[PDB]
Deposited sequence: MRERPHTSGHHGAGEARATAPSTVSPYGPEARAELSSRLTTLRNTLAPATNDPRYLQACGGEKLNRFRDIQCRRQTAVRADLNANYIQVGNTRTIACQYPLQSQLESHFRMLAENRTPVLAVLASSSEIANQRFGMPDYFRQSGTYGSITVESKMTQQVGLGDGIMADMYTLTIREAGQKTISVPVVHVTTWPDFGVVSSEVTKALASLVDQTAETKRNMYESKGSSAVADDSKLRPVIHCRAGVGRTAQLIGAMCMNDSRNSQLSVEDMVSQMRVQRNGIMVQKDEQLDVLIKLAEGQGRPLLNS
């Protein structure tokens, strides 16, 4: 009964109304707007919460679910690339997990600049890519990993570790392994900034994991849900609290497909974690 069809129905009931009310209106004051005609939102009905926006020219949000602080965004457009690398540099990104498969990146009808597997110049910023290791996550789902070195004239040189998932019931055991790889990758880089006494360890808006696939509300909301369940500080945090904080801080489309919620439900059932708030 605590994870049976009745409680699952009450969950999807309280969540589907939250999505409907957080659906954006034309020129919505809760959501970031595009000034000058420069396209900001990759999709027309998937926008960005203004109160938690990372940068004005990105569809990106600061997200703290429980005690876990991360950054979720969409796949950057070509016009947003220069400012996308500035976010990763200023944030002192300890980990960047991109969940868009290799197939949709190469499909140019989708418009996804391969900004992490290549080098290139994006205005003021030069980018150097170097692949490292390949991590198997079961099911033949692979994690190609790169070290994105970010160099701007007059700015500090910052390298960010990248975790690229090339594809997408076992997704429960796949997301549990992916969240672990992302957490451990972030810990090593975060511990590096700590050994050199970086100013950004004190700033809680920095050193935030960066996660995006395409819209940043589908596979990423599933990854963020597992990352915070992996966190030790988030005890008794209900699944209602998990996805409602993800939706209020970004948009109501977080945890988009009903199958993505089922992965977060079973991961909670394994931990004895509540689904609903009493």
item: Regions left out of the model, expressed as runs of the deposited sequence counted from 1; value: 1 to 24, 193 to 196
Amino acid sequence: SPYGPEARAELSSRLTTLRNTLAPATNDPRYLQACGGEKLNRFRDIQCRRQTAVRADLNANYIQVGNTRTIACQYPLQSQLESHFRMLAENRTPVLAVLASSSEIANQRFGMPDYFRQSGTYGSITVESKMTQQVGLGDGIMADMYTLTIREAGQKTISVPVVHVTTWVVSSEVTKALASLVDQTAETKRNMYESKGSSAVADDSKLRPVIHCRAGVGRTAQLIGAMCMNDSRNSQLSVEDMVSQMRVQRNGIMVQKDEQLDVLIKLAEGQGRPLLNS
From here on, numbers count along this sequence of modelled residues.
| query | finding |
| --- | --- |
| Stretch with the higher entry mean CA B-factor, where the candidates are 209 to 217 and 35 to 43 | 35 to 43 |
| Mean temperature factor over C-alpha atoms, higher-scoring stretch between 234 to 242 and 25 to 33 | 25 to 33 |
| Peak C-alpha temperature factor (PDB record), options 74, 199, 180, 101 | 199 |
| Out of 80, 185, 124, 93, residue topping the C-alpha B-factor column of the entry | 124 |
| Residue 146 - Cα temperature factor, lowest/middle/highest third of chain | lowest |
| Ranked C-alpha temperature factor of residue 5 among modelled chain residues, by third | highest |
| Cα B factor band for residue 120 (lowest, middle or highest third within the chain) | highest |
| Entry-reported Cα temperature factor of residue 172, expressed as the chain third it lands in | highest |
| Within-chain third of residue 106 by Cα B-factor, per the entry | highest |
